[PDB]
Each structure stands twice: as structure tokens, then as C-alpha cells.
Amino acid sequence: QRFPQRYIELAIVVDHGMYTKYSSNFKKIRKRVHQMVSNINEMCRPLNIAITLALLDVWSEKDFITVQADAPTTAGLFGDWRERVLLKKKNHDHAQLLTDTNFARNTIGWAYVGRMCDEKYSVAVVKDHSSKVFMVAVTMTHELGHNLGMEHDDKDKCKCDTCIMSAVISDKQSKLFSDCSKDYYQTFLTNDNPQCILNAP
């Protein structure tokens, strides 16, 4: 393998709007979240990262944070709640909030760059913006990529046009990480090397 074995234990939180969107059907939601995780796991296979779902939390009654239009603001509130509440329920490495919120600036996903394992900043927020599971899962993977220290693909650095870290998603979206992405991940493992992803479940 090009990379050493790593493990990311995910917590996925489905907010109340998304719960309502799927007819308040917990089983339907769980199936969809599992299908998303299976895609994230497949996309990280070439990075030698095993992706597991450590925790699924569905906000079936009400939202515990204000899931607002500005994605960065929502991500900060989510990180706070993840550190204060979710991590106390079950340990995990990274958490993503799935929502049906129409985020400002036509945003479908957002995450902090290079903060994997951080108690508050190892998070992403993702809009359930397509009926196609893969389109949402690749957005979750793109945000995970940012959290693993990846920036967008740049044509001078690598040639892939439709890879996961492309600057904009497309209908022809690939499930592959570009060489720009792999090089950023190598830099991240060399310079940051966060301990939580070294630990297998």
C-alpha cells in the first residue's frame, strides 16, 4: 500500500429536518446512513483507511443546535455539541451532521481543514442534497478529506478533473482521490500524525 493502515471511527448525526424529510422513518434513515458509510469506506480504500460507523444519532424530536443557513457557523455549533455531548456517549474520531438545510451560498458541505481527531474541530456538516446516495456520500468524503488536511485539486499539481477533492462537484463525479489529495494526506501523516486514527476499534 502507498499508505500505512489508519482507522476512522465516525459518528453520524441526522438532524430533525432530515428525519422529517424521510417520513420520520428511523429504519429508512439508518439504511441510508449505512449506505453512505459503505461508500465513504470504499472511497478511502486506496488511502488504506478503514472507515467504521461508531455511532448513529437521529434527532427524532428536535434539533439540539441551531442548524442555520451559514454552514461554517453550524459546523462550529455542531463541534461544540459533539465535544460536550456526543463524545461523552461513545468515543469516535470524527463526526458529521447530515441535514436538509438549504445552506447559504449554495453550500452542500463544509469542514475544518486538517483537524482530524480534534475534540471540537474533527467535524463536518453535509447537506442531503441529492436523492443519489453516492452524491451525498462523496460530499461527506470530500469534507473528510479536508479534515485530513487536503485542499482542492489544482491542475498544475495533478491532472484529475473529477476526483473527490475537485473544487466543485459534478454529475460525472469520480470516487477516486487525486494525486494532489494523496500527496496532502502524506503531508498530514508526516507533519500532524494524529493519534486517534492509529487506534483500531
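In this text, residue numbers run from 1 along the sequence as written.
As the entry records it, the average C-alpha temperature factor is higher for 14 to 22, out of 14 to 22 and 175 to 183. Across the two stretches, 130 to 138 and 63 to 71, the PDB entry reports the greater mean Cα temperature factor for 63 to 71. The PDB entry assigns its highest CA temperature factor, among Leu98, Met116, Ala95, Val85, to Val85.
Per the PDB entry, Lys27 shows the highest C-alpha temperature factor of the residues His152, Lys155, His34, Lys27.
Per-chain ranking of the deposited C-alpha B factor places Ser122 in the lowest third.
Sort the modelled residues of the chain by CA B factor and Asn41 lands in the lowest third. Sort the modelled residues of the chain by CA B factor and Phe103 lands in the lowest third. Per the deposited record, the Cα B-factor of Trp81 falls in the highest third when ranked against the other modelled residues of its chain. In the deposited entry, the Cα temperature factor of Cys160 sits in the middle third of values across the chain's modelled residues.
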